[PDB]
Amino acid sequence: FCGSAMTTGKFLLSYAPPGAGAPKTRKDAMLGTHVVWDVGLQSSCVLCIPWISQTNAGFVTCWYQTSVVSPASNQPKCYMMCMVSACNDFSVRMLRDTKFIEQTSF
Amino acid sequence: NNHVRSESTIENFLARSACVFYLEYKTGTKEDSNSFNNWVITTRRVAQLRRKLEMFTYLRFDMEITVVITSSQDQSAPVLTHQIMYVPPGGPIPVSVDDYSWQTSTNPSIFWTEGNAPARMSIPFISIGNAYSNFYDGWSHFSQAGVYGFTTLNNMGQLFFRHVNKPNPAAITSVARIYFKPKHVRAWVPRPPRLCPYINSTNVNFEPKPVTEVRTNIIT
Amino acid sequence: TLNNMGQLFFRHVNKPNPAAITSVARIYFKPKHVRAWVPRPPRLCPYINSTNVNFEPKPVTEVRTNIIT
Amino acid sequence: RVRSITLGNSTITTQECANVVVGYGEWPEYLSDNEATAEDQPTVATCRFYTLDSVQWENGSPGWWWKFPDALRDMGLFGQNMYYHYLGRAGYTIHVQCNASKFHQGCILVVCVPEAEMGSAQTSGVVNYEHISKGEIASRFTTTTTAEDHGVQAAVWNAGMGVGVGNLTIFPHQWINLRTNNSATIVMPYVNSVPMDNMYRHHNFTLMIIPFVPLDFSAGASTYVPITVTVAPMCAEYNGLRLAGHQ
Amino acid sequence: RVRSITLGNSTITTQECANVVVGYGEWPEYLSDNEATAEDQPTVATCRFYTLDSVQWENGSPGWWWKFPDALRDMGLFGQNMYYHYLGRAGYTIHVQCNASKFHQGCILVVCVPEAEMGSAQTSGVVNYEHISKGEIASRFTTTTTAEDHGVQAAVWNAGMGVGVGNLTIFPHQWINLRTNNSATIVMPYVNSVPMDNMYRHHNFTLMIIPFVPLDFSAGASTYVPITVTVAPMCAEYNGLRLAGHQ
């Protein structure tokens, strides 16, 4: 969370196992796997999601639990970023060429 | 005899060379219809071979592919060079004689010239599964509505062939015949032998047949 | 003067004789015994020149229909 | 002389001796492989008998078959775990048994065929889901070749796979022959190429019951003998669904 | 300086120090009485946070209340066990907490009243179910006497029971006073005449939140402060449903 240092809210992060659709309500999300992340204590949270490999596949969804509480800011723009990396053990097999560059041209 | 047999080991019941395909291609420009040719690796093409690999439900092996190639001119030059390119499954493939899919660096290729012992190389066990499946009983999609049997299971690469020389007056036509054998077989779970002649090359579809020949009477 | 390596030349060794012969030689290359130091983020924009890092600006990523699921 | 096995919340009385045939001589297990640090999976309250509907056996009936695990898709808590998990595995214990007098006769074959792949009624069609499954209701073979829009090419004497029906005793099997037996037990472990896969998408094995010598009865007596099957999962597992993270 | 309690499948972050008030100084327990040989009862996977919908607190709002266990009747697995069991018991852990700046002010009282029995809007009517409960949605008090077809005689300053509202601090209670606190915790054990009774038919206690000093704010700032409550069962039990017999 990259908002101001007087902004406080609460978000409910959620994870759905593979082979199950995304939650359709915050009530639905809550009954799944969820981590209530309080912004105003923690400025970051790390979820480590097991069991990825390659549709069917999980979902990550973030939901308001409360609306953000402004100090007195007149534009209520607050932001959050997200970062990603492989965790611990990982494995790959069988080299092949990338799809994002197409031929020569010079 | 005088000891336990060893001619009926799994390794000697399989692992024999057999012809599986042959194809033709000829020197010519990229305009020309036939000037490169391909074959998709499968073991269901030849009935005799297919019979002995449907003895088991699961197999894993490495394979050796040897291609023996002859050529002849036709009615009115330097030695020709042939390229055989293996494309691992999920790679790029060429659609014409000239593409960057023959220049790609991640597809093994053998350059070979006539008057030498025939080219071969082995391909190691390739599949994310831990065995090839000779019978499958599911659908491609996560809800049943896909394609029944032999979906993404039993998928292996494919070969491509072309001449490497420039076109020159007088066409040359080559015929390459492919020999195939597995090696280091391991089998799990046996099956009863197939009884009805094969129809499709992608289904287990069959036409009903008598179990056995008639006899003149059961009593002797 | 960095990244300067030699160059090849090719010719026939026989004397000229009646009827031209044309050869095509294709070059295959591989390094061996690589050692790498200091990584970089992958290139994102198609190459232009063969001697410059010059590039034309490009979008970071594909569009989505909406960020919510 | 009998004892009654119970798996808790269910009980069934069985004949004391009837033998068990362990398919390939290995019992159901929980996998013990490591490198599940990045794909941890929990093991359970599904380990109870489920009794499927009984079917008549009458003189000239040709056979029946069901496909697991898609025959237990409507059963209890076990049907919920095909829907809240993307991957699973599970062995089975199957008791097939039936009533009968001493004036009846005939024998049937019980067999479990891993990866039974069915034909198609016409020799260029492709069978669809509704003709190769019928849920927890028994499907059936038929004598006499007949076409169908999709359909399985049932014939009995090809077994829907174009193999001799007399050679199906290569797979785990038991004969139930009236005048001796009246029950059979097959314990079938999980057999697949990959360690776990989607329950809905795939079928693991096809139970089949094929009469050889057909039912018949002496003077008086009932004209049918009912058959019943009972299936209980053993040592099941399903994929995780918990974060490995923290705040 | 905080720690995050987790009861598995749920997590909530709490302030490190905030005190717990154990109601009557006894924690939730499983009963240990014998003579359950003729009425054996099993103990469990319901022991997780359930977060009810947040309510606004704004200047001049009069209060709120909910009634347990009938406010958790739609929640998860715990709602299924009011419907597959005829008797139950269960203690509770309740965290009430809220946001706020340092420019806000006011204080509220949090109290759990065992056996709160409500009046009726007219003094000869009888209150019905729909006016004394609202499920997991908060009910509310009102200032200014007004009639209703059934209704509770809410008034705030009688508390719907005809007692002084200033004397409700006899029951387990915590003050949440902005400028110090912003959270409270009450752990409430099972209190009833009989050891177990029907969940639907009876109510055990009524959580209530009554503002005294009302919300107000300095220049700028939000015009409401949200309140949230979170309730987790502890040490629950329910009646048996197994035969003690045999074949």
# chains A, B, ... in the order shown; residues from 1 in each chain; ligands from 1
>>> select_by_dssp(residues="chain B", states="strand (DSSP E or B)", output="MDAnalysis selection string")
chainID B and resid 18:26 37:40 56:73 81:87 109:113 120:123 132:133 138:139 148 158:163 172:190 194
>>> closest_atom_pairs(of="chain D", to="chain B", cutoff="9 Å", atoms="only C-alpha atoms", output="JSON lines")
{"residue": "D:24", "atom": "CA", "partner": "B:189", "partner_atom": "CA", "distance": 8.8}
{"residue": "D:114", "atom": "CA", "partner": "B:57", "partner_atom": "CA", "distance": 8.7}
{"residue": "D:115", "atom": "CA", "partner": "B:136", "partner_atom": "CA", "distance": 5.9}
{"residue": "D:116", "atom": "CA", "partner": "B:137", "partner_atom": "CA", "distance": 6.7}
{"residue": "D:117", "atom": "CA", "partner": "B:137", "partner_atom": "CA", "distance": 5.5}
{"residue": "D:118", "atom": "CA", "partner": "B:204", "partner_atom": "CA", "distance": 7.1}
{"residue": "D:119", "atom": "CA", "partner": "B:205", "partner_atom": "CA", "distance": 4.5}
{"residue": "D:120", "atom": "CA", "partner": "B:205", "partner_atom": "CA", "distance": 5.8}
{"residue": "D:121", "atom": "CA", "partner": "B:205", "partner_atom": "CA", "distance": 8.3}
{"residue": "D:122", "atom": "CA", "partner": "B:205", "partner_atom": "CA", "distance": 8.2}
{"residue": "D:123", "atom": "CA", "partner": "B:205", "partner_atom": "CA", "distance": 5.7}
{"residue": "D:124", "atom": "CA", "partner": "B:200", "partner_atom": "CA", "distance": 7.5}
{"residue": "D:125", "atom": "CA", "partner": "B:205", "partner_atom": "CA", "distance": 8.7}
{"residue": "D:126", "atom": "CA", "partner": "B:148", "partner_atom": "CA", "distance": 7.3}
{"residue": "D:127", "atom": "CA", "partner": "B:148", "partner_atom": "CA", "distance": 7.3}
{"residue": "D:128", "atom": "CA", "partner": "B:145", "partner_atom": "CA", "distance": 7.4}
{"residue": "D:129", "atom": "CA", "partner": "B:144", "partner_atom": "CA", "distance": 6.3}
{"residue": "D:145", "atom": "CA", "partner": "B:208", "partner_atom": "CA", "distance": 7.9}
{"residue": "D:153", "atom": "CA", "partner": "B:206", "partner_atom": "CA", "distance": 8.1}
{"residue": "D:155", "atom": "CA", "partner": "B:208", "partner_atom": "CA", "distance": 7.4}
{"residue": "D:157", "atom": "CA", "partner": "B:211", "partner_atom": "CA", "distance": 7.4}
{"residue": "D:158", "atom": "CA", "partner": "B:208", "partner_atom": "CA", "distance": 6.8}
{"residue": "D:160", "atom": "CA", "partner": "B:206", "partner_atom": "CA", "distance": 8.8}
{"residue": "D:161", "atom": "CA", "partner": "B:204", "partner_atom": "CA", "distance": 7.0}
{"residue": "D:162", "atom": "CA", "partner": "B:196", "partner_atom": "CA", "distance": 5.5}
{"residue": "D:163", "atom": "CA", "partner": "B:195", "partner_atom": "CA", "distance": 4.9}
{"residue": "D:164", "atom": "CA", "partner": "B:195", "partner_atom": "CA", "distance": 6.4}
{"residue": "D:165", "atom": "CA", "partner": "B:211", "partner_atom": "CA", "distance": 8.5}
{"residue": "D:167", "atom": "CA", "partner": "B:192", "partner_atom": "CA", "distance": 6.0}
{"residue": "D:168", "atom": "CA", "partner": "B:192", "partner_atom": "CA", "distance": 6.7}
{"residue": "D:169", "atom": "CA", "partner": "B:192", "partner_atom": "CA", "distance": 8.7}
{"residue": "D:170", "atom": "CA", "partner": "B:192", "partner_atom": "CA", "distance": 6.8}
{"residue": "D:171", "atom": "CA", "partner": "B:191", "partner_atom": "CA", "distance": 7.6}
{"residue": "D:192", "atom": "CA", "partner": "B:58", "partner_atom": "CA", "distance": 8.8}
{"residue": "D:193", "atom": "CA", "partner": "B:130", "partner_atom": "CA", "distance": 5.7}
{"residue": "D:194", "atom": "CA", "partner": "B:129", "partner_atom": "CA", "distance": 6.0}
{"residue": "D:198", "atom": "CA", "partner": "B:142", "partner_atom": "CA", "distance": 7.9}
{"residue": "D:200", "atom": "CA", "partner": "B:143", "partner_atom": "CA", "distance": 7.0}
{"residue": "D:201", "atom": "CA", "partner": "B:142", "partner_atom": "CA", "distance": 5.4}
{"residue": "D:202", "atom": "CA", "partner": "B:138", "partner_atom": "CA", "distance": 4.2}
{"residue": "D:203", "atom": "CA", "partner": "B:137", "partner_atom": "CA", "distance": 5.7}
{"residue": "D:204", "atom": "CA", "partner": "B:137", "partner_atom": "CA", "distance": 7.6}
{"residue": "D:205", "atom": "CA", "partner": "B:137", "partner_atom": "CA", "distance": 8.7}
>>> interface_residues(of="chain D", to="chain E", cutoff="10 Å", atoms="only C-alpha atoms", output="JSON, numbers by chain")
{"D": [3, 4, 8, 9, 11, 12, 13, 241, 242, 243, 246, 247]}
>>> interface_residues(of="chain D", to="chain A", cutoff="9 Å", atoms="only C-alpha atoms", output="JSON, numbers by chain")
{"D": [35, 36, 37, 38, 39, 40, 83, 84, 85, 86, 87, 198, 239, 240, 241, 242, 243, 244, 245, 246, 247]}
>>> residues_around(residues="residue 48 in chain C", least_positions_apart="2", cutoff="12 Å", atoms="only C-alpha atoms", output="list in words")
residues 103, 104, 105 and 106 of chain A; 45, 46, 50, 51, 52, 53, 54, 55, 56 and 57 of chain C
>>> write_last_selection(atoms="C-alpha atoms", output="PDB file, in the first residue's frame")
ATOM      1  CA  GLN A 103      12.388 -13.072 -36.966  1.00  0.00           C
ATOM      2  CA  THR A 104      15.152 -10.824 -38.273  1.00  0.00           C
ATOM      3  CA  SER A 105      14.403  -7.540 -39.992  1.00  0.00           C
ATOM      4  CA  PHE A 106      17.885  -6.236 -40.767  1.00  0.00           C
TER       5      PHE A 106
ATOM      6  CA  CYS C  45      11.327  -3.821 -28.123  1.00  0.00           C
ATOM      7  CA  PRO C  46      12.178  -5.286 -31.558  1.00  0.00           C
ATOM      8  CA  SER C  50      22.669  -4.325 -35.676  1.00  0.00           C
ATOM      9  CA  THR C  51      25.159  -2.042 -33.935  1.00  0.00           C
ATOM     10  CA  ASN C  52      22.972   0.107 -31.681  1.00  0.00           C
ATOM     11  CA  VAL C  53      20.522  -0.475 -28.903  1.00  0.00           C
ATOM     12  CA  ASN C  54      18.109   1.893 -30.734  1.00  0.00           C
ATOM     13  CA  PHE C  55      14.485   1.060 -30.311  1.00  0.00           C
ATOM     14  CA  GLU C  56      11.011   2.363 -30.948  1.00  0.00           C
ATOM     15  CA  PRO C  57       8.708   2.729 -27.873  1.00  0.00           C
TER      16      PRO C  57
END
>>> interface_residues(of="chain B", to="chain C", cutoff="9 Å", atoms="only C-alpha atoms", output="list in words")
residues 77, 78, 164, 165 and 166 of chain B
>>> residues_around(residues="residue 36 in chain B", least_positions_apart="6", cutoff="6 Å", atoms="only C-alpha atoms", output="NGL selection string")
:B and (25 or 161-162)
>>> residues_around(residues="residue 114 in chain B", least_positions_apart="4", cutoff="10 Å", atoms="only C-alpha atoms", output="JSON, numbers by chain")
{"B": [69, 70, 71, 79, 80, 81, 82, 118]}
>>> write_last_selection(atoms="N, CA and C atoms", output="short mmCIF file (atom, residue, chain, number, x, y, z; two decimals), in the first residue's frame")
data_model
loop_
_atom_site.label_atom_id
_atom_site.label_comp_id
_atom_site.auth_asym_id
_atom_site.auth_seq_id
_atom_site.Cartn_x
_atom_site.Cartn_y
_atom_site.Cartn_z
N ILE B 69 18.03 -43.25 -46.81
CA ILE B 69 17.54 -42.35 -47.81
C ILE B 69 18.30 -42.62 -49.07
N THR B 70 17.56 -42.66 -50.19
CA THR B 70 18.06 -42.95 -51.50
C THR B 70 17.53 -41.83 -52.34
N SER B 71 18.05 -41.68 -53.57
CA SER B 71 17.58 -40.64 -54.44
C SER B 71 17.83 -41.10 -55.83
N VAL B 79 27.15 -33.51 -55.00
CA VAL B 79 26.49 -34.38 -54.05
C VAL B 79 25.52 -33.57 -53.22
N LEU B 80 24.31 -34.12 -52.98
CA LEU B 80 23.26 -33.43 -52.29
C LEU B 80 23.41 -33.60 -50.81
N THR B 81 22.90 -32.60 -50.07
CA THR B 81 22.91 -32.56 -48.63
C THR B 81 21.46 -32.49 -48.26
N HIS B 82 21.07 -33.26 -47.23
CA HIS B 82 19.71 -33.36 -46.77
C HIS B 82 19.73 -32.91 -45.35
N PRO B 118 23.86 -44.22 -42.74
CA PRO B 118 22.63 -43.46 -42.55
C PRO B 118 22.58 -42.76 -41.22
#
>>> residues_around(residues="residue 238 in chain D", least_positions_apart="6", cutoff="7 Å", atoms="only C-alpha atoms", output="PyMOL selection string")
chain D and resi 41-43+85+87-89
